[PDB]
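Undergrad: Below is one structure. I have some questions about it.
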Amino acid sequence: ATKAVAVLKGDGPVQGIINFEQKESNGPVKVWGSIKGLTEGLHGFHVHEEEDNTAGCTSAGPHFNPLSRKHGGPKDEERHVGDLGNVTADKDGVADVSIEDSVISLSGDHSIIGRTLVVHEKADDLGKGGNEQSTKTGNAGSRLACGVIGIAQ
Ligand SMILES: [Cu+]
Ligand SMILES: [Zn+2]
């Protein structure tokens, strides 16, 4: 779409308004956001499968993997569909996201509308930890907050 949002929220007051703009069927998306309630430091950020509560928190399915690759980040050879590596939280526990991608579509085959955008405690290990868990998740640990990607309104 040309205006999508994902309101992150967790067990605690950790919350974050993510924004996504695509417009173009096959153009570079802009993705950005601003958490409020993480700790400082790097936090893994990914599009988990779908709004699947049974996966643990309010919703957080496995790392979405349509092409069935190993985990990593935008700069890796092995990166899943929604492997937006990690973001950096401030000393005030705010991680201002601002990146762009061309794998997804927000409106098309890879409509991210409906997906489950989740933040992790630890840094994404860029799926290089040489262990399934890491090479599937980034060893980023438990999901401080979870959320769903929808239309901005
Ligand atoms: Cu994740
Ligand atoms: Zn991944």
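Following the order of the structure tokens, first chain is A, next is B, and so on, with residues numbered from 1 inside each chain and ligands from 1 in the order they appear.
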Hey, which residues sit close to ligand 1? Say within 12 Å, counting only C-alpha atoms and all ligand atoms, and write them as JSON, numbers by chain.
TA: {"A": [43, 44, 45, 46, 47, 48, 49, 50, 55, 56, 57, 59, 60, 61, 62, 63, 64, 65, 71, 72, 73, 80, 81, 82, 83, 84, 85, 86, 87, 115, 116, 117, 118, 119, 120, 121, 122, 123, 124, 125, 126, 127, 133, 134, 136, 137, 138, 139, 140, 141, 142, 143, 144, 145, 146, 147]}
Undergrad: Just list the residues in range 15-139 of chain A DSSP gives strand (DSSP E or B) on the backbone, as a VMD selection string.
TA: chain A and resid 15 to 21 29 to 36 41 to 48 63 83 to 89 96 to 101 116 to 119
Undergrad: Please give the complete set of residues from chain A that DSSP, run on the backbone, assigns to helix (DSSP H, G or I), formatted as number ranges by chain.
TA: A: 53-55, 132-137
Undergrad: For ligand 2, which residue out of A:101, A:76, A:109, A:96 is the nearest one, using only C-alpha atoms and all ligand atoms?
TA: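 Of A:101, A:76, A:109, A:96, the one nearest ligand 2, counting only C-alpha atoms and all ligand atoms, is A:76.
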Undergrad: Please, what distance in Å, to one decimal, runs between CA of residue 69 in chain A and CA of residue 18 in chain A?
TA: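 For CA of residue 69 in chain A relative to CA of residue 18 in chain A, the distance reads 25.5 Å.
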Undergrad: Give me, please, the distance in Å between CA of residue 4 in chain A and CA of residue 152 in chain A, quoted to one decimal.
TA: 4.4 Å
Undergrad: Enter the distance from CA of residue 24 in chain A to CA of residue 79 in chain A, in Å, rounded to one decimal.
TA: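 Separating CA of residue 24 in chain A from CA of residue 79 in chain A is a distance of 22.7 Å.
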Undergrad: Name the closest residue to ligand 2 among the candidates A:97, A:89, A:110, A:68; distances are taken between atoms, counting only C-alpha atoms and all ligand atoms.
TA: A:68
Undergrad: Which one of A:112, A:95, A:67, A:151 sits closest to ligand 2 if you count only C-alpha atoms and all ligand atoms?
TA: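 Among the listed residues, the smallest separation from ligand 2 belongs to A:67.
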Undergrad: From the set A:19, A:98, A:153, A:135, which residue has the shortest atom-to-atom contact distance to ligand 2, counting only C-alpha atoms and all ligand atoms?
TA: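 Counting only C-alpha atoms and all ligand atoms, the residue closest to ligand 2 is A:135.
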Undergrad: Using only C-alpha atoms, which residues sit within 12 Å of residue 108 in chain A once same-chain residues fewer than 6 positions away are excluded, as a list in words?
TA: residues 1, 22, 23, 24, 25, 26 and 27 of chain A
Undergrad: Could you write those residues out with C-alpha atoms, as a short mmCIF file (atom, residue, chain, number, x, y, z; two decimals), in the first residue's frame?
TA:
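Writing the result to selection20.cif gives the following:
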data_model
loop_
_atom_site.label_atom_id
_atom_site.label_comp_id
_atom_site.auth_asym_id
_atom_site.auth_seq_id
_atom_site.Cartn_x
_atom_site.Cartn_y
_atom_site.Cartn_z
CA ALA A 1 0.00 0.00 0.00
CA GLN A 22 5.39 1.10 -1.02
CA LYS A 23 2.88 2.55 -3.50
CA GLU A 24 4.65 0.79 -6.43
CA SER A 25 3.82 -2.86 -7.23
CA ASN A 26 7.52 -3.73 -7.66
CA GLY A 27 9.33 -0.64 -6.30
#
Undergrad: Measuring between only C-alpha atoms and all ligand atoms, which one of A:30, A:9, A:91, A:70 shows the shortest distance to ligand 2?
TA: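 Closest residue, counting only C-alpha atoms and all ligand atoms: A:70.
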Undergrad: Can you work out which one of A:52, A:75, A:93, A:58 has the shortest atom-to-atom distance to residue 13 in chain A, counting only C-alpha atoms?
TA: A:93
